[PDB]
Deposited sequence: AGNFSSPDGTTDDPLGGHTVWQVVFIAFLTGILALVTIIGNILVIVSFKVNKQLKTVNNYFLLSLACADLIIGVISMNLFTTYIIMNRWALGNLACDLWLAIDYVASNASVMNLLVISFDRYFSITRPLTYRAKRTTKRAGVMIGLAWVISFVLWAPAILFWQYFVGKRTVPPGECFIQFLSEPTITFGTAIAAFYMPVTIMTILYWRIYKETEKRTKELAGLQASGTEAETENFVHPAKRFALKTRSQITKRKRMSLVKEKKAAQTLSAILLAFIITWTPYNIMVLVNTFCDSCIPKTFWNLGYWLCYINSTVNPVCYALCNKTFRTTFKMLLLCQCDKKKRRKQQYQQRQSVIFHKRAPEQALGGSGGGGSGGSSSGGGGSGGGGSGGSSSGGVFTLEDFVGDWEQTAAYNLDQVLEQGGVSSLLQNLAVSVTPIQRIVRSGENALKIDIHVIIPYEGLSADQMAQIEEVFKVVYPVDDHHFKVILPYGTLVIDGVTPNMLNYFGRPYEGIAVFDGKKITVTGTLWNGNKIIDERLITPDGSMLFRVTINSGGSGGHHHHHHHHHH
């Protein structure tokens, strides 16, 4: 606890955090193992879901746990060359999950507008570059900047007892990294799913009850759990100390909720994944 006085009441945030970390690990592992044990699920369509679960597994295991030690124990206790690894891994994995959703939305979009054209040409070797580009671009957007910022301009500038990205102070690279990570994917995903909805209602018109419910549930989950951090980070650059520390931490923690919810909005939609989850959970095999 260190600085966390009155420990009898601060265990609530520790207990809740542990539950949410367990759900993310349990939920995302189920996606991975269901893919392996179910033959019908081993299609090129589910490769993106497997890639999405891999990024969320890293967030649930390392990002959601090492951040908890930073909260209850109100200072970093790992060293300079131990938090740059955490920041690089957490930010790359968080970017990978969002980039995986962007690839998933594109794959879904072309499967609705081109039912007889897209999935035939998009083969296993074509989904590799789709998955590969999501991780490679997520790799070189934060990690070279996070790791080598202290080694490139001046020296280390963050206080020794704390830890953060250390280039968020300048309101130039933070805008470039924010739009390339959140604002651009949000615009594309919203446009693509609105386009998807316009064709689901068109199909039933020629021949919306579940399209409106499902599409609004998946977009709001991404919007709610990612917007507060991307709004406070931009304000933090222009402002100096008007963002409370407690409010900043909640938005930082709210991003990890997307990893918990992702297996529900993308895997549980498929009836084959839903059956396999109950098979493993109830009758352990």
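- No C-alpha positions are given in the record for the deposited-sequence stretches 1-13, 221-260, 339-568.
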